[PDB]
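Engineer: One structure, pasted below without further comment.
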Amino acid sequence: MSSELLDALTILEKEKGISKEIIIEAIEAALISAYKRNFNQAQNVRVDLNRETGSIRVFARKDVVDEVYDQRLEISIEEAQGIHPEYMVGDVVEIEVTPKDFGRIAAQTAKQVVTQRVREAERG
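Here you go:
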């Protein structure tokens, strides 16, 4: 379901000099950017697109520190241990922060991105 993007990229691959490998990066940058508008100066984030199952997952990257130093975004060393005690002060932790409506948005973002590569590629 909503895995049309998978075929969208392939269509571009058929073209010479148009590596679809780089196209996949466009979709991600789009989805992450779209959600970033919600909290850009509030906190960072890293989206990971999976062309294998046409799925998508948004995770927030927080700075693991013994004590909160960045009011904008930070995670207590003890907090990260709650889900992964393997963490350590100075590392980074990722937590699901994607909306429950991202399911449809994913295709809407990937469909709009792949489409741009088509009109753009022919553009020059």
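Here the entry's author numbering is used: the first residue of the sequence shown is 1, the next is one more, and so on. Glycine is no exception: its CB is placed at the ideal position from the N, C-alpha and C atoms.
Can you check which of these residues, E52, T10, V64 and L49, is closest to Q81 by C-alpha distance?
Structural biologist: What you label residue 81 is simply residue 81 of the sequence shown in a count that begins at 1. Per the Cα distances, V64.
Engineer: State the start and end residues of the unbroken alpha helix (DSSP H) segment that holds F102.
Structural biologist: Numbered from its first residue, the sequence shown carries residue 102 at position 102. Where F102 is concerned, the enclosing alpha helix (DSSP H) stretches over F102 to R123.
Engineer: Taking only runs of the beta strand (DSSP E) that begin and end inside the stretch 41 to 68, which ones reach a length of at least 3 residues, in chain order?
Structural biologist: The stretch 41 to 68 contains, as complete beta strand (DSSP E) runs of 3+ residues, the segments 46 to 50 and 55 to 65 (chain order).
Engineer: Is the distance from the Cβ of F59 to the Cβ of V113 below 8 Å?
Structural biologist: By 1-based counting over the sequence shown, the position of residue 59 is 59. By 1-based counting over the sequence shown, the position of residue 113 is 113. No, the Cβ-Cβ distance between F59 and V113 is not below 8 Å.
Engineer: Just to confirm before moving on: does the CB-CB distance between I24 and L6 stay below 8 Å?
Structural biologist: Against the sequence shown, residue 24 aligns to sequence position 24. Against the sequence shown, residue 6 aligns to sequence position 6. No, the Cβ-Cβ distance between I24 and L6 is not below 8 Å.
Engineer: What residue range is occupied by the uninterrupted beta strand (DSSP E) comprising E94?
Structural biologist: Along the sequence shown, read from residue 1 onward, the residue named residue 94 stands at position 94. It spans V92 to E96 - the beta strand (DSSP E) in which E94 sits, taken as one unbroken run.
Engineer: The alpha helix (DSSP H) that contains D7, what's its start and end?
Structural biologist: Sequence index remark: in the sequence shown, residue 7 carries index 7 (1-based). Here the alpha helix (DSSP H) through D7 covers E4 to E13.
Engineer: Is the stretch 70 to 84 in contact with the stretch 104 to 120, if contact means three or more CB pairs nearer than 8 Å?
Structural biologist: no
Engineer: Measure the C-alpha to C-alpha separation of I22 and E15 and round it to an integer number of angstroms.
Structural biologist: As a working mapping, residue 22 is identified with position 22 in the sequence shown. As a working mapping, residue 15 is identified with position 15 in the sequence shown. The straight-line gap from Cα to Cα measures roughly 13 Å.
Engineer: Along the chain, where does the alpha helix (DSSP H) that runs through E86 open and close?
Structural biologist: Position 86 of the sequence shown, counted from the start, is the residue given in the question as residue 86. It is not in any alpha helix (DSSP H) - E86 carries neither H nor E in the DSSP assignment.
Engineer: Within its chain, find whatever has a CB closer than 7 Å to the CB of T109; leave out the 5 residues flanking it on each side and keep chain order.
Structural biologist: In the sequence shown, counting from the first residue as 1, residue 109 sits at position 109. Correct list, in chain order: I27, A30, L31 and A34.
Engineer: Given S2, which residues of its chain have a CB within under 8 Å of its CB, disregarding the five upstream and five downstream residues?
Structural biologist: Start at 1 with the first residue of the sequence shown, and residue 2 comes out as number 2. Correct list, in chain order: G54, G103, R104, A106 and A107.
Engineer: From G124, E4, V45 and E86, pick the residue whose C-alpha is nearest to that of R57; which is it?
Structural biologist: Your numbering for residue 57 matches position 57 in the sequence shown. Answer by Cα proximity: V45.
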